[PDB]
Amino acid sequence: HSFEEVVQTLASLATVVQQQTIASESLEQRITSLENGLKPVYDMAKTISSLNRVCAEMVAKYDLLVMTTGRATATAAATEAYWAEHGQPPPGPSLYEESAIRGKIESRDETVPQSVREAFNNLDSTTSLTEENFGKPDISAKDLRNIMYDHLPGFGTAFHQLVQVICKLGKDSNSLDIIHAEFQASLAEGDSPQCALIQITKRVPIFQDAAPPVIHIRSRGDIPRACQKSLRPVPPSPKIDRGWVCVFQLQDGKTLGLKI
Amino acid sequence: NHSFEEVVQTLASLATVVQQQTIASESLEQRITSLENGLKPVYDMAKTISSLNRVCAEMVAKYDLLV
Amino acid sequence: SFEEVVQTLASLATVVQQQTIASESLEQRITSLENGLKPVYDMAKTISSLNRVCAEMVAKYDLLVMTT
Amino acid sequence: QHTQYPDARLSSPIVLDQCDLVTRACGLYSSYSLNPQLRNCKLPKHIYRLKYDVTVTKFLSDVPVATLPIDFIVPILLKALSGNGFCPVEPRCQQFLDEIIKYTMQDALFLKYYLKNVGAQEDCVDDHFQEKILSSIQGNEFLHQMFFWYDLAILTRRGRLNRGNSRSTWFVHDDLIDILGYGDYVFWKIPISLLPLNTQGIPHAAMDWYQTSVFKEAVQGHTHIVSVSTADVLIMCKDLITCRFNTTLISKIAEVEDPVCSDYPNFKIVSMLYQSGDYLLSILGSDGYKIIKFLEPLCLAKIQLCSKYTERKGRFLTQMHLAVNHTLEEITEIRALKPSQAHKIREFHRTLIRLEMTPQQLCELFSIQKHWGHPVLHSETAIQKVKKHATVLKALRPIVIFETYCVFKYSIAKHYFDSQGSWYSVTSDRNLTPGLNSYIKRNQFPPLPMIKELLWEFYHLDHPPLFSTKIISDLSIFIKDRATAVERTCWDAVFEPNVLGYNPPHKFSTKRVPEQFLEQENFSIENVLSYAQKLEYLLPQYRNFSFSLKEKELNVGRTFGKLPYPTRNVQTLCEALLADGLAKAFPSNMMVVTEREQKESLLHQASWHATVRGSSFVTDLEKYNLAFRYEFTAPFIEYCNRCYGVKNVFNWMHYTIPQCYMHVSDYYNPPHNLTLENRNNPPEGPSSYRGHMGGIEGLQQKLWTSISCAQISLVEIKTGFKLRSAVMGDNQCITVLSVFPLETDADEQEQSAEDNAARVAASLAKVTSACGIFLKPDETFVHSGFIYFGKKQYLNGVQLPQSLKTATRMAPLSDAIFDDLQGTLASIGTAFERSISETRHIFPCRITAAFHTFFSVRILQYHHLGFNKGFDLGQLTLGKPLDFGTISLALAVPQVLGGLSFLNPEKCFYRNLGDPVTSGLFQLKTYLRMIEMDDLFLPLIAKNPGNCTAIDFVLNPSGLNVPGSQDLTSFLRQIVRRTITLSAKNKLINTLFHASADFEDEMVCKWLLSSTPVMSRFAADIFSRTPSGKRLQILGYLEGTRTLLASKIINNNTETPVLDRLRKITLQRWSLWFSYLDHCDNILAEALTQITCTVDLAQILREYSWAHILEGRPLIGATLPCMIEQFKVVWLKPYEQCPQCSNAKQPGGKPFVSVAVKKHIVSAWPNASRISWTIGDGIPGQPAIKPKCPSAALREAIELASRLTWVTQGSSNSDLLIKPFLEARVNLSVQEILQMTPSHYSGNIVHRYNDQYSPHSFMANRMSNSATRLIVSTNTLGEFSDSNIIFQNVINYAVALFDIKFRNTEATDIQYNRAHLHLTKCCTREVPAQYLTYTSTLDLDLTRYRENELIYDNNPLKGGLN
Amino acid sequence: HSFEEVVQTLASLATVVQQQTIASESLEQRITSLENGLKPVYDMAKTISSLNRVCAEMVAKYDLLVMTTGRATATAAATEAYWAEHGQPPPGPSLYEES
RNA sequence: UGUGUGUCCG
Ligand SMILES: [Zn+2]
């Protein structure tokens, strides 16, 4: 009687217990899915710091950029229109790009204003500076000739002809820099400038085993009076290292040389 | 006989009930900890974005009266 | 006999009451999750607004710089 | 009588535009100015009647109508003007020549005697010493030309007076040359045979004015030609002659001292250089200065070539040679030079290149640049040069500007954090700077290596103001006796109406700073700040900004700016605020040489994240002013505004300058095409322009220097090297420390250091070019141990002598207020002291000074400009002619006793003396002992005390009450006060100068000296921090005779004229000297008799004077012994025992100080023969509460209270004595300041006021080369005989004595090793610890001071507390 | 004791059924909340990365600009400053570049 | 009659 009734009531209770278990596992799997979908919320918590860093950096940079430019920033369209007629740059500053402005400069079609051209050339010419070539001079034939002339006493001396032939050989051989450097070093170490010129004509490898130049001469009027003691008859096989500076040839097949 | 089996069945059902209750409590604790981890830090990120939005709005307001 | 039956019934009722109070506490703490809902809605706008601001910024950058 | 007083020295630019007027009046032809308006204008009332003068017509009766420029003739006049003519001056300057020589000889002898008395003397002296000096003086080349030029200068200076009608002319005929003068105009008549010719047959001077055919027709049969110039050329020539004579005399005399090798170049090479320069100028005209300007860089390169000669050491000389060759070839192409002239014109730089001299001789030769004259300036060329670089368009890189701004902010923050405790409480939403937050919370600062990624974070930092705008502690900056510009309303009223062609409608009233400062009704610092903050400088009447050409130089022209009065005040206030506000975060000094610093300290300083080798390079900042644009300097100006409370103050210049009209305010050439119709809107032409974008030199110099330092720091951060910067004059030197390991020898260290320096130079060039300022790589040079900077020259740690810059500027005549003899003698003495501070030869400078002193005395006695012609000062002031004996005696007693003596031999050892009175007494005693006139000491030192107040006592605490030792300052101050009485409606100065100011001054001065015992230095220190000091510093603003004789406000006070008072006071002063035995009493000599001690006699002399001030109270803290009297030397042999320390040192012994010589040589250039050429190893209390950014008044009250508390330590009146002084300065009451006063606890307050406070820095008067080779042991004194010994002076005396003793002998020839200085037991005393006691109180009402400025200020505690 | 046992079993069944219903309702609410993934998490996560990339690109591009100085910056700044305080155009005559 | 012909910032 009552035992059977308790039996089916407890059976129903057990069934509802299985639906309780079903509900429990359903909510557990829902919580697991929520956790799986929510796990990518603490990952922006880190990259937001990098976002803040880059945003603040950009804010500072562009705020300072707009601070320096007044109320006449002269948008690019206005500048391009202003360049066409009365090509002077527009009032107020303007903004370009390095590559774009270089490209416009290298093309002879846009007719970039002259002032902008020279300003950009001045700005750009200083980027080719390295450890060397900072204070390095540029040396030509005439400059080296004048530098050598300033160190010698008197005029018309055979040393002047020696300097001239040395600078000519350096010019057509393209070795002036090393000659000047070692000449300056020799002049610094203490010897006489004539001894220095001897060092140039004896030490430079290019000057080794060289024949002196032949110069056509009219008469004794052309040759300076200070070198008449240095005229000598030419022997066969002249050599610069032997003491040859030049060869003078007359009209009537006369050849003479100078001895140092 | 029948009474003992019914008692055993009820005991097993109650054991399962308390086991799932403990599991639910553990899940509650873990989600409470997860929420606590996302309570103060999320406020910190919120105020940081507030500041960034304010400064960016100031910048664009400055830029607006230029074009 | 009957004493064991009534004792186990009382134990069943007590455990049922414990389960019910645990369930209502679980529901009360689940419905307390709306705190996590404050940094969901409003914050979204901020990010979106920030995006919009950045977007227009880029546009303005193209109106001033001569570029290519 | 007159309101004119022409100067005796050249101090103005040379412009010859007005001469075109004179040639039009006489009928000649000349073209000096480029303004055509001067061709057909109207002559003034004067220089028009020149056609009515018989003398001018007679002079110009046999000369062609054509003339020549004067800049082609100056060398010709210099070479061909000896003294042989007939000058109108009656007493010729050559008449009193021999006497001068005699005096010179005497002085030399005295010096020798003095040295022989000290113990220095010389080893192996030569008997033939005076004869060589006499021959050298008599054998000078420029001896007679100097006297002739001085006669000419006297004539032209006298003739420039008589501004009224009926002017006269003077005439001089010197053999070949004829000179005529008429009111600041000179006509020179010269033969034509002396002018170099052209290939076309005309002189080189006439090429630019005439064609070949016209000039030949104009000349025809004539032998003389006439040139016209102003009176400034004559003064320039006189200065050139004096400089050449001084240089030649010094060079000749120096050879006698050291025949084998002297430090001066030569006496014959310099003559060749002078001749070469003169020839080059005579050929090339005024353009030869472009070549003369290369003397300094060539000498620098030649000095640069005295080292190991690395591969790049010769680059500078090569660049200079190329530049000079290019310029020489460029500036002569048009001129038709003959081949002979072409070869002979290069001799100048040919000689300069080929020189072979020691570096010291080259450094001495470096200082003769201005011995050839100065060019002729034009307005148009200067305007063209300024217009370029100022309207040019620049390109900028924003990233470099951003980094520079960040470095600026970082430097300011770091400087604030280093002092003042901790961070500055950054506001503004801290999360925007993530990375700096940890440092702020931990309260630390980033070191340096890690500040490279957070640099941008410094942009967001915000703060309240860090500095205050009420810290002006000196009121003399607002009144300085200068000139300003005029209002825009009457901008054209500064030009001559006759040249302009129209009378200006509106005229100005005054043009001087003092004549406008006193008439500003509402002057105040807060008023100035309000005026600046309201942008009130943009008003239509406040935009003039005139230009002005600079003084003597060698450029084509440099200009400075002049502003109206209120903008000038704003500029002065901004500079004052920046001097002591910002710019302390960017120090520009240091001057540290790695060869004279400790090894470990250098290593620690050079560490960024082992021997340290440093290099350096120098750059020039003079063109930076015109290269600054608003787009680059805007953020820095905004930050400077924000750091203070101001809004739009620091950007006045960038706001008001481009709106101005640029022109040069020259009296005789207004802007081109100026007419009455276009007066309100004048056009721009060759001498004017409108758009100016760059800066101006001088204005805002501190901000620009700060920006440069920020750029250097940015470069230092960018590249991992340690950089130090120094800025002075127009140059900045930057040194780089490289730090090297131990095992790297010493050969590649120099190469690596120079490589690092080149890297730094290239990076800095790139950065600065990106900022818009371009460096020139062809002039910047890199070296590894040679540094030249302002007044210092060092070569690998060895100081090079450079003393010709000051020794050659000595002159008998100088502007010293009404040609005062005392001022001239004082200037000569200071110049001699400064010159002897350098070099290693003593005799030449003293000989030159002695030569010039007597000449100045004679020329002032016979040719004073303040009186009429024929007036003799030395006759009527005495009744008899003044003789050599009286002058020689009156040039020997020192000035502290009133005796016109300033060449103290004691100064040869050290600069600042402990007690002038004792030193003067010793000098007089020694001089009187040298001659056999010993029985005159008492009558000479007795004198008669004068009448003086307590103010005079507190002005000079170490003085005496004799009328002969006073200056003209009191007279000028009385005149200024009298002028203020009937003027100065300023309404704020009037409050300060109330009716009873003088009585209050007297009461305060008397109260300060009522202590017991009386101390004068403490009273003088306290007196400067009261309103009395402010009144005194405002009163003393007069500086020149012209403003004294020409001021409208001063000369409109009726009463007796200033000239008569000046003549009377000059006569009285001249009567005071040279008289003798007329102003002495016979009551003090008995008291001074039988003393035989300088200290006691000086104390008695001081006590006898000021008798009416100090009744019977003792006087302390004013007397100190002479250093020579205290110590005696023995010159111990290396193997010898001291007689003093052994023979007579048995019972107790005598303390002494020891000097020993080192042996390590380190470095030497060029040799180690001389001691001066080598160097050696060996280096030569908190308050409870500190306020933040205190005002000037608060600070001054703080130290005043601290001093009063500390001096009266044993008394209980300190709570009441302080209050009356603080009631007029600060709003805080007593017992509130006391917690801010730092605690002091010491004794013997005399020593605190002597050295610890350091009123003088002492220092030495010799080169520091020898000091590194000696070691001084002072602990041997033991109980120190806490005493009267000043240790710094002892060290200086020992070093100087050793240096002078061995200055010509070789290093090996030195036979002495150790030196003992034994102290005598006569002039050394013991000082006790004494505290002043005041028995009364001031009880004076100082509460009436409730005004602005340095006076009582409200709410002083506004900056907060720490 | 049969009636009281039946009543107790029925009450227990009703209570457990109510528990099942409320658990199902909570599950449905959680599923509804998770339907959109709370909504903004994914697209704001993508937007954060996109914004980071854009800002980095802009910062990198900022290092390649060249500025040309104008001849009217000072006048414009002065006019703006004079308008900011006591707003009124500066007094005549006109400045260097009135534009 | 030629306003003090000029002589500034450090
Ligand atoms: Zn001894």
# chains A, B, ... in the order shown; residues from 1 in each chain; ligands from 1
$ residues_around --residues "residue 67 (chain B)" --least-positions-apart "3" --cutoff "9 Å" --atoms "only C-alpha atoms (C1' of nucleotides)" --output "PyMOL selection string"
(chain A and resi 73-75) or (chain B and resi 63-64) or (chain C and resi 60+63-64)
$ residues_near_ligand --ligand "ligand 1" --cutoff "12 Å" --atoms "only C-alpha atoms (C1' of nucleotides) and all ligand atoms" --output "VMD selection string"
chain D and resid 1127 to 1133 1136 to 1145 1149 to 1155 1276 to 1277 1314 to 1319
$ write_last_selection --atoms "C-alpha atoms" --output "short mmCIF file (atom, residue, chain, number, x, y, z; two decimals), in the first residue's frame"
data_model
loop_
_atom_site.label_atom_id
_atom_site.label_comp_id
_atom_site.auth_asym_id
_atom_site.auth_seq_id
_atom_site.Cartn_x
_atom_site.Cartn_y
_atom_site.Cartn_z
CA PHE D 1127 108.83 86.63 5.83
CA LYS D 1128 112.49 86.35 4.81
CA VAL D 1129 114.11 83.93 2.36
CA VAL D 1130 117.36 81.97 2.46
CA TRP D 1131 117.56 80.08 -0.90
CA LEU D 1132 118.86 76.80 0.48
CA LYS D 1133 121.37 74.81 -1.53
CA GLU D 1136 123.01 72.65 2.95
CA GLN D 1137 121.48 73.23 6.39
CA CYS D 1138 119.47 76.36 7.09
CA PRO D 1139 121.37 78.79 9.37
CA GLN D 1140 118.10 80.05 10.88
CA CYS D 1141 116.76 76.58 11.72
CA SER D 1142 120.00 75.25 13.25
CA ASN D 1143 122.35 77.99 14.46
CA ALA D 1144 119.87 80.22 16.32
CA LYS D 1145 116.99 77.75 16.74
CA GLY D 1149 113.11 77.55 17.06
CA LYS D 1150 111.25 79.70 14.56
CA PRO D 1151 108.38 78.54 12.32
CA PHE D 1152 108.83 78.62 8.56
CA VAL D 1153 107.12 77.59 5.32
CA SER D 1154 108.93 75.36 2.83
CA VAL D 1155 108.97 75.29 -0.98
CA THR D 1276 105.85 73.29 9.48
CA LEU D 1277 104.60 76.52 11.10
CA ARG D 1314 114.51 74.10 -1.51
CA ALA D 1315 113.39 77.49 -0.23
CA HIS D 1316 112.67 78.45 3.38
CA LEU D 1317 110.49 81.44 4.28
CA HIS D 1318 111.13 82.26 7.94
CA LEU D 1319 108.69 84.58 9.69
#
$ select_by_dssp --residues "chain E" --states "helix (DSSP H, G or I)" --output "PyMOL selection string"
chain E and resi 2-35+41-62+73-84
$ closest_residue --among "C:53, C:58, C:66, C:6" --to "residue 58 (chain E)" --atoms "only C-alpha atoms"
C:58
$ residues_around --residues "region 32-34 of chain C" --least-positions-apart "2" --cutoff "12 Å" --atoms "only C-alpha atoms (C1' of nucleotides)" --output "list in words"
residues 28, 31, 32, 33, 34, 35, 36, 38 and 39 of chain B; 25, 26, 27, 28, 29, 30, 36, 37, 38, 39, 40 and 41 of chain C; 29, 30, 33 and 38 of chain E
$ atom_distance --atom1 "CA of residue 720 (chain D)" --atom2 "CA of residue 760 (chain D)"
9.9 Å
$ atom_distance --atom1 "CA of residue 516 (chain D)" --atom2 "CA of residue 2 (chain D)"
24.0 Å
$ residues_around --residues "region 74-80 of chain E" --least-positions-apart "6" --cutoff "8 Å" --atoms "only C-alpha atoms (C1' of nucleotides)" --output "MDAnalysis selection string"
(chainID A and resid 70:72) or (chainID D and resid 630 654:655 658) or (chainID E and resid 89:90 95:98)
$ write_last_selection --atoms "C-alpha atoms" --output "PDB file, in the first residue's frame"
ATOM      1  CA  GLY A  70      50.530  79.701 -37.542  1.00  0.00           C
ATOM      2  CA  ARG A  71      47.148  80.404 -39.116  1.00  0.00           C
ATOM      3  CA  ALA A  72      48.525  80.324 -42.690  1.00  0.00           C
TER       4      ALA A  72
ATOM      5  CA  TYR D 630      59.686  82.282 -35.349  1.00  0.00           C
ATOM      6  CA  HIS D 654      59.302  88.524 -32.951  1.00  0.00           C
ATOM      7  CA  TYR D 655      56.009  90.454 -32.797  1.00  0.00           C
ATOM      8  CA  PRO D 658      58.873  92.787 -38.909  1.00  0.00           C
TER       9      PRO D 658
ATOM     10  CA  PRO E  89      41.747  94.078 -34.546  1.00  0.00           C
ATOM     11  CA  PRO E  90      45.051  95.820 -33.850  1.00  0.00           C
ATOM     12  CA  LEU E  95      50.666  95.057 -40.339  1.00  0.00           C
ATOM     13  CA  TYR E  96      53.284  93.658 -42.728  1.00  0.00           C
ATOM     14  CA  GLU E  97      51.080  90.862 -44.134  1.00  0.00           C
ATOM     15  CA  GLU E  98      47.361  91.358 -43.388  1.00  0.00           C
TER      16      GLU E  98
END
$ residues_around --residues "residue 27 (chain B)" --least-positions-apart "6" --cutoff "12 Å" --atoms "only C-alpha atoms (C1' of nucleotides)" --output "PyMOL selection string"
(chain A and resi 24-25+27-32+34-35) or (chain B and resi 20-21+33-34) or (chain C and resi 26+29-30)
$ select_by_dssp --residues "chain E" --states "strand (DSSP E)" --output "list in words"
residues 65, 66, 67 and 68 of chain E
$ residues_around --residues "region 210-214 of chain A" --least-positions-apart "3" --cutoff "6 Å" --atoms "only C-alpha atoms (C1' of nucleotides)" --output "list in words"
residues 207, 239, 240, 245, 246, 247 and 248 of chain A
$ closest_atom_pairs --of "chain E" --to "chain C" --cutoff "10 Å" --atoms "only C-alpha atoms" --output "Markdown table"
| residue | atom | partner | partner_atom | distance |
| --- | --- | --- | --- | --- |
| E:1 | CA | C:2 | CA | 8.7 |
| E:5 | CA | C:9 | CA | 8.2 |
| E:8 | CA | C:9 | CA | 8.2 |
| E:9 | CA | C:9 | CA | 8.7 |
| E:11 | CA | C:13 | CA | 9.5 |
| E:12 | CA | C:13 | CA | 7.2 |
| E:13 | CA | C:16 | CA | 10.0 |
| E:15 | CA | C:20 | CA | 8.0 |
| E:16 | CA | C:16 | CA | 7.8 |
| E:18 | CA | C:20 | CA | 9.3 |
| E:19 | CA | C:20 | CA | 6.9 |
| E:20 | CA | C:23 | CA | 9.9 |
| E:22 | CA | C:27 | CA | 8.5 |
| E:23 | CA | C:23 | CA | 7.9 |
| E:26 | CA | C:27 | CA | 7.3 |
| E:29 | CA | C:31 | CA | 9.8 |
| E:30 | CA | C:30 | CA | 9.2 |
| E:38 | CA | C:40 | CA | 7.9 |
| E:39 | CA | C:40 | CA | 8.4 |
| E:40 | CA | C:44 | CA | 6.6 |
| E:41 | CA | C:40 | CA | 8.0 |
| E:43 | CA | C:44 | CA | 9.5 |
| E:44 | CA | C:44 | CA | 7.0 |
| E:45 | CA | C:47 | CA | 9.9 |
| E:47 | CA | C:51 | CA | 7.6 |
| E:48 | CA | C:47 | CA | 8.0 |
| E:50 | CA | C:51 | CA | 9.0 |
| E:51 | CA | C:51 | CA | 6.8 |
| E:54 | CA | C:54 | CA | 8.2 |
| E:55 | CA | C:54 | CA | 8.2 |
| E:58 | CA | C:58 | CA | 8.2 |
| E:65 | CA | C:65 | CA | 8.4 |
| E:66 | CA | C:65 | CA | 9.6 |
| E:67 | CA | C:65 | CA | 9.8 |
$ closest_atom_pairs --of "chain B" --to "chain D" --cutoff "8 Å" --atoms "only C-alpha atoms" --output "tab-separated table"
residue	atom	partner	partner_atom	distance
B:48	CA	D:431	CA	6.8
B:51	CA	D:429	CA	7.7
B:52	CA	D:432	CA	8.0
$ write_last_selection --atoms "N, CA, C and O atoms" --output "mmCIF file, in the first residue's frame"
data_model
loop_
_atom_site.group_PDB
_atom_site.id
_atom_site.type_symbol
_atom_site.label_atom_id
_atom_site.label_comp_id
_atom_site.auth_asym_id
_atom_site.auth_seq_id
_atom_site.Cartn_x
_atom_site.Cartn_y
_atom_site.Cartn_z
ATOM 1 N N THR B 48 42.244 55.625 -18.861
ATOM 2 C CA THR B 48 43.278 55.905 -19.856
ATOM 3 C C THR B 48 42.663 56.259 -21.205
ATOM 4 O O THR B 48 43.083 57.227 -21.852
ATOM 5 N N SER B 51 41.299 59.771 -21.106
ATOM 6 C CA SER B 51 42.333 60.789 -21.284
ATOM 7 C C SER B 51 42.777 60.886 -22.741
ATOM 8 O O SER B 51 42.942 61.991 -23.279
ATOM 9 N N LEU B 52 42.992 59.738 -23.389
ATOM 10 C CA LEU B 52 43.417 59.747 -24.787
ATOM 11 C C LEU B 52 42.357 60.371 -25.686
ATOM 12 O O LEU B 52 42.680 61.145 -26.595
#
$ interface_residues --of "chain D" --to "chain F" --cutoff "7 Å" --atoms "only C-alpha atoms (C1' of nucleotides)" --output "JSON, numbers by chain"
{"D": [11, 12, 45, 560, 667, 698, 699, 1046]}
$ interface_residues --of "chain B" --to "chain A" --cutoff "9 Å" --atoms "only C-alpha atoms" --output "short mmCIF file (atom, residue, chain, number, x, y, z; two decimals) with N, CA and C atoms, in the first residue's frame"
data_model
loop_
_atom_site.label_atom_id
_atom_site.label_comp_id
_atom_site.auth_asym_id
_atom_site.auth_seq_id
_atom_site.Cartn_x
_atom_site.Cartn_y
_atom_site.Cartn_z
N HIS B 2 12.96 -3.34 0.99
CA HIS B 2 12.59 -2.19 0.16
C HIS B 2 13.00 -0.88 0.82
N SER B 3 12.80 -0.77 2.13
CA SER B 3 13.14 0.46 2.84
C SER B 3 14.64 0.73 2.78
N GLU B 6 15.50 1.97 -0.70
CA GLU B 6 15.05 3.35 -0.85
C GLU B 6 15.97 4.31 -0.12
N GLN B 9 19.15 4.65 -2.15
CA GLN B 9 18.91 5.48 -3.33
C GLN B 9 18.83 6.96 -2.95
N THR B 10 18.13 7.28 -1.86
CA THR B 10 18.04 8.67 -1.43
C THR B 10 19.41 9.20 -1.01
N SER B 13 21.35 9.93 -4.16
CA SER B 13 20.83 11.14 -4.79
C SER B 13 21.30 12.39 -4.05
N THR B 16 24.95 13.03 -4.83
CA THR B 16 25.10 13.68 -6.12
C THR B 16 24.69 15.15 -6.05
N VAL B 17 23.62 15.44 -5.30
CA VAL B 17 23.15 16.82 -5.18
C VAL B 17 24.20 17.69 -4.50
N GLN B 20 27.21 18.25 -6.93
CA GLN B 20 26.97 19.28 -7.93
C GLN B 20 26.85 20.66 -7.29
N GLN B 21 26.35 20.74 -6.06
CA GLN B 21 26.33 22.01 -5.35
C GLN B 21 27.75 22.51 -5.08
N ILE B 23 30.37 21.72 -6.86
CA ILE B 23 30.91 22.10 -8.17
C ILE B 23 30.42 23.49 -8.56
N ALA B 24 29.14 23.77 -8.33
CA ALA B 24 28.60 25.10 -8.61
C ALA B 24 29.27 26.16 -7.75
N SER B 27 32.68 26.82 -9.25
CA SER B 27 32.54 27.64 -10.45
C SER B 27 32.23 29.09 -10.08
N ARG B 31 34.56 32.28 -11.13
CA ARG B 31 34.06 33.43 -11.89
C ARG B 31 34.11 34.71 -11.06
N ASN B 37 39.50 40.17 -10.97
CA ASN B 37 40.64 40.51 -11.82
C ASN B 37 40.27 41.51 -12.90
N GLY B 38 38.99 41.58 -13.28
CA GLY B 38 38.55 42.52 -14.28
C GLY B 38 37.66 43.61 -13.71
N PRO B 41 41.47 46.90 -12.86
CA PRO B 41 42.20 47.13 -14.11
C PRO B 41 41.33 47.67 -15.23
N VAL B 42 40.10 47.18 -15.37
CA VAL B 42 39.24 47.67 -16.44
C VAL B 42 38.89 49.13 -16.21
N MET B 45 41.98 51.02 -17.49
CA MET B 45 41.95 51.19 -18.94
C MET B 45 40.87 52.18 -19.36
N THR B 48 42.24 55.62 -18.86
CA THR B 48 43.28 55.90 -19.86
C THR B 48 42.66 56.26 -21.21
N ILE B 49 41.66 55.49 -21.64
CA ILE B 49 40.99 55.82 -22.90
C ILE B 49 40.26 57.15 -22.80
N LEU B 52 42.99 59.74 -23.39
CA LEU B 52 43.42 59.75 -24.79
C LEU B 52 42.36 60.37 -25.69
N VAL B 55 42.50 64.21 -25.20
CA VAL B 55 43.63 64.90 -25.83
C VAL B 55 43.50 64.86 -27.36
N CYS B 56 43.01 63.74 -27.91
CA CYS B 56 42.82 63.67 -29.36
C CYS B 56 41.73 64.64 -29.82
N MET B 59 43.29 68.00 -29.96
CA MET B 59 44.12 68.15 -31.15
C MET B 59 43.28 68.42 -32.39
N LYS B 62 41.93 71.83 -32.45
CA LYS B 62 42.96 72.78 -32.87
C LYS B 62 43.16 72.74 -34.38
N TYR B 63 43.15 71.55 -34.97
CA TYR B 63 43.39 71.42 -36.41
C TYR B 63 42.20 71.91 -37.23
N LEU B 65 40.20 74.58 -37.23
CA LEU B 65 40.20 75.96 -37.69
C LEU B 65 41.51 76.32 -38.39
N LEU B 66 41.88 75.48 -39.36
CA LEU B 66 43.09 75.69 -40.14
C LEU B 66 42.80 75.51 -41.62
N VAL B 67 41.79 74.71 -41.94
CA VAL B 67 41.45 74.42 -43.33
C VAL B 67 40.23 75.22 -43.75
#
$ closest_residue --among "D:215, D:408, D:459, D:366" --to "chain A" --atoms "only C-alpha atoms"
D:459
